[PDB]
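Visitor: Partial complex here, more coming in a sec:
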Amino acid sequence: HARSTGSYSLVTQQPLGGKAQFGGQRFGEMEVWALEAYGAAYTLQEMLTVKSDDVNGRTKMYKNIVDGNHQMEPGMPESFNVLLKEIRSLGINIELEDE
């Protein structure tokens, strides 16, 4: 199997297919252990945001790839923003303040 960019689930903007392409590979805890062990901060950074479930990040970084710019320009993944809304959905309030 191989996947560059395909479909994503409605609930969580995570890669999946079987209709035209193939659902992307799963990283996991066992792998993030290794990346932390190496110290590959940027590898894990992308693997957790733009390379996975970052709505605008994937598109922005994709355009950066086709233009031969690479870089990243990451952002807060929806797999945490949803968590913010879910916790906020209860009587408990969580806010991300500046400094």
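Guide: Yes, it's here. Numbering: from 1, shown residues only, chains lettered A, B, ... in the order given.
Visitor: my guess is residue A:43 contacts residue A:35, does it?
Guide: Yes. Counting by CB atoms under 8 Å, residue A:43 does reach residue A:35; the two are 5.7 Å apart. (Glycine included, C-beta is placed from N, CA and C.)
Visitor: So for these two, which sits in the more crowded spot?
Guide: residue A:35 (17 against 13; other CB atoms under 10 Å).
Visitor: Which of the three states applies to that one?
Guide: helix (DSSP: H, G, I helix; E, B strand; the rest coil).
Visitor: Relative to residue A:17, how far out is the residue nearest to it when sequence neighbours are not counted?
Guide: Excluding the flanking residues, the one nearest residue A:35 by CB to CB, 6 or more residues apart in numbering is residue A:44, at 4.3 Å. Between residue A:44 and residue A:17 the computed distance is 24 Å (CB to CB, to the nearest Å).
Visitor: and the gap between residue A:41 and residue A:72?
Guide: Counting by CB to CB, the gap from residue A:41 to residue A:72 is 12 Å.
Visitor: Ignore what I typed, I meant residue A:42.
Guide: 7 Å.
Visitor: Those two - which one has more neighbours?
Guide: Using other CB under 10 Å, the more surrounded residue of residue A:42 and residue A:72 is residue A:72, with 17 against 11.
Visitor: Surely the more buried one is in a strand?
Guide: No. Using three-state DSSP, the secondary structure at residue A:72 is coil, not a strand.
Visitor: Residue A:51 is in contact with that one, correct?
Guide: No. Contact between residue A:72 and residue A:51 fails when scored by CB under 8 Å: they sit 9.3 Å apart.
Visitor: Now the common contact residues for the two.
Guide: Among the neighbours of residue A:72, none is also in contact with residue A:51 (CB atoms under 8 Å, 6 or more residues apart in numbering).
Visitor: which element is residue A:65 on?
Guide: helix A:55-66 (DSSP states H and E).
Visitor: If we ignore the residues flanking it in sequence, what's nearest residue A:71?
Guide: residue A:64 (5.3 Å).
Visitor: That neighbour and residue A:73 touch, don't they?
Guide: Yes. Between residue A:64 and residue A:73 there is a contact under CB under 8 Å: 7.0 Å.
Visitor: Report the separation between the residue nearest to residue A:35 and residue A:18.
Guide: Applying CB to CB to residue A:44 and residue A:18 gives a distance of 27 Å.
Visitor: between these two, which one's more packed in?
Guide: residue A:44 (18 against 9).
Visitor: That one should be in a helix, yeah?
Guide: Yes. Counting by three-state DSSP, residue A:44 is found in a helix.
Visitor: here's chain B, add it to the model above:
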Amino acid sequence: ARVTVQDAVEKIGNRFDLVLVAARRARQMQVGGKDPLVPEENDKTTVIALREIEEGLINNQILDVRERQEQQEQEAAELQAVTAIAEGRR
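Guide: With chain B now in place:
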């Protein structure tokens, strides 16, 4: 540094900073003002930066200083516009 890359770390301790500065230089090359120092020989910008670091040129202080000169070149040489704008709102 096609296979270590280990000979570059002793030039700047802690492999991490090595990755930072090398990615910095490679970022300068891939997009914007290219101009490599060590001959390309059909190598990606990933390794070219590592070659330079191994060569002895292009470090952290080097890039920072050249960035300072770059700023003093873009700013001081083109102040005739900024100064003219300074009189815009008195």
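Visitor: hang on, the earlier thing: is any part of the helix holding residue A:65 close to chain B?
Guide: No. Using CB under 8 Å from any CB of the partner chain, helix A:55-66 never reaches chain B; the gap is at least 8.9 Å.
Visitor: can you state the direction angle for the helix or strand following that helix and helix A:55-66?
Guide: The helix or strand immediately downstream of helix A:55-66 is helix A:78-88, counting by DSSP H and E. Relative orientation of helix A:78-88 versus helix A:55-66 (axes from the mean of the first three to the mean of the last three CA atoms, to 10 degrees): 170 degrees.
Visitor: what's the spacing between helix A:78-88 and its chain's center?
Guide: The chain centroid and the centroid of helix A:78-88 are separated by 14 Å, computed with CA atoms, centre = their mean, to the nearest Å.
Visitor: Mind listing what's buried along it?
Guide: Residues residue A:78 are the ones in helix A:78-88 that count as buried (16 or more other CB atoms under 10 Å in any protein chain shown).
Visitor: so residue A:23 makes contact with residue A:3?
Guide: Yes. In this structure, residue A:23 is within contact of residue A:3 by CB under 8 Å, at 7.2 Å.
Visitor: what's the overlap in contacts for those two?
Guide: A:15, A:17 (CB atoms under 8 Å, 6 or more residues apart in numbering or on different chains).
Visitor: returning to what we had before: which parts of the helix holding residue A:65 are buried?
Guide: Buried residues in helix A:55-66 (16+ other CB under 10 Å): A:57-58, A:60-61, A:64.
Visitor: hmm, who's touching that helix?
Guide: Against helix A:55-66 from outside (CB under 8 Å, 6+ apart): A:5, A:13, A:46, A:49-51, A:70-75, A:77-78.
Visitor: hmm, back to that, out of residue A:23 and residue A:3, which sits in the more crowded spot?
Guide: Higher neighbour count among residue A:23 and residue A:3: residue A:23, with 17 against 14, using other CB atoms under 10 Å in any protein chain shown.
Visitor: residues touching the more buried one, list them.
Guide: Here residue A:23 is in contact with A:3, A:6, A:15-17 (CB under 8 Å, 6+ apart).
Visitor: What lies in contact with stretch A:14-21?
Guide: A:3, A:5-9, A:23-24, A:52-53, A:79.
Visitor: Distance across it, terminal residue to terminal residue?
Guide: 14 Å (CA to CA, to the nearest Å).
Visitor: again with stretch A:15-28
Guide: Per CA to CA, stretch A:15-28 runs 14 Å from first to last residue.
Visitor: before we move on, what about stretch A:65-74?
Guide: Across stretch A:65-74, first to last residue, CA to CA, it's 14 Å.
Visitor: sequence below should go in as chain C:
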Amino acid sequence: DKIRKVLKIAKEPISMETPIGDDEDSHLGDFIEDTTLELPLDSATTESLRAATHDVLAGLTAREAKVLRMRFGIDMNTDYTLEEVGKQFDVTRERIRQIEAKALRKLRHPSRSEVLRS
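Guide: Below, chain C sits with the chains from the block before:
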């Protein structure tokens, strides 16, 4: 057929939190793909399309670039008709359509928009 449409309203119906493959652990709502989003490839082609068109209207004249641009309404939101452009360019209707057709004649050799078609 009315009965057919009736059975299409029955049931709650099914909830996403229903187990299916019984993996570790499966969920019906996890197989539901999103369709409102566009492919990054498609978005890239759209951006490249904007740049392509923005670069094609450069090889045209002002009284022809603006014509094609304003008629089909691009980079200006509200698109106008033959009359609203014929009044702002003196000669009305047919004349502005003539140039509008001539511009289309210009694009029969370049391959950019040609391959962008598909």
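Visitor: what do you get for the contacts of stretch A:14-21 once chain C is counted?
Guide: A:3, A:5-9, A:23-24, A:52-53, A:79, C:30-31, C:33.
Visitor: can you pick the most crowded of the residues you listed?
Guide: residue A:8 (24 neighbours).
Visitor: Quick check: bridge partners of it?
Guide: Beta-bridge pairing for residue A:8 (DSSP bridges): residue A:15, residue C:34.
Visitor: gap between it and chain B?
Guide: 28 Å (CB to the nearest CB, to the nearest Å).
Visitor: One more: residue A:13?
Guide: Applying CB to the nearest CB to residue A:13 and chain B gives a distance of 27 Å.
Visitor: Ramachandran coordinates for that residue?
Guide: phi -60, psi 60 (degrees, to the nearest 10).
Visitor: and it, how many neighbours?
Guide: 18.
Visitor: Show me which residues of chain A are close to chain C?
Guide: Counting by CB under 8 Å from any CB, chain A sits next to chain C at A:5-11, A:13, A:16-17, A:19, A:58-59, A:62-63, A:66.
Visitor: Quick check: the most centrally placed residue in chain C vs chain B, distance?
Guide: Among the residues of chain C, the one closest to the centroid is residue C:46, at 8.6 Å (CA atoms, centre = their mean). Residue C:46 is 22 Å from chain B, where distance means CB to the nearest CB.
Visitor: so that residue is in which element?
Guide: Short version: residue C:46 belongs to helix C:40-56, going by DSSP H and E.
Visitor: same deal with residue C:65?
Guide: Counting by DSSP H and E, residue C:65 is part of helix C:62-71.
Visitor: can you state the direction angle for that helix and helix C:40-56?
Guide: Going by the same axes, to 10 degrees, helix C:62-71 makes 150 degrees with helix C:40-56.
Visitor: and helix C:62-71, how far from the chain's centre?
Guide: With CA atoms, centre = their mean, you get 20 Å for helix C:62-71.
Visitor: go on, stretch A:17-32?
Guide: 12 Å.
Visitor: buried stuff in that stretch?
Guide: Buried-residue list, stretch A:17-32, by 16+ other CB under 10 Å: A:21, A:23-24.
Visitor: Check stretch C:70-81 too.
Guide: C:70-71.
Visitor: Stretch C:81-101 too?
Guide: Buried, per 16+ other CB under 10 Å, within stretch C:81-101: C:85-86, C:96, C:99-100.
Visitor: middle-most residue in chain B, spatially?
Guide: For chain B, the residue nearest the mean C-alpha position is residue B:25 (4.0 Å; CA atoms, centre = their mean).
Visitor: in the helix or strand encompassing that residue, what counts as buried?
Guide: Using DSSP H and E, the element containing residue B:25 is helix B:15-30. For helix B:15-30, burial by neighbour count (16+ other CB under 10 Å) applies to B:18-19, B:21-22, B:25-26, B:28-30.
Visitor: Cool, thanks, talk later.
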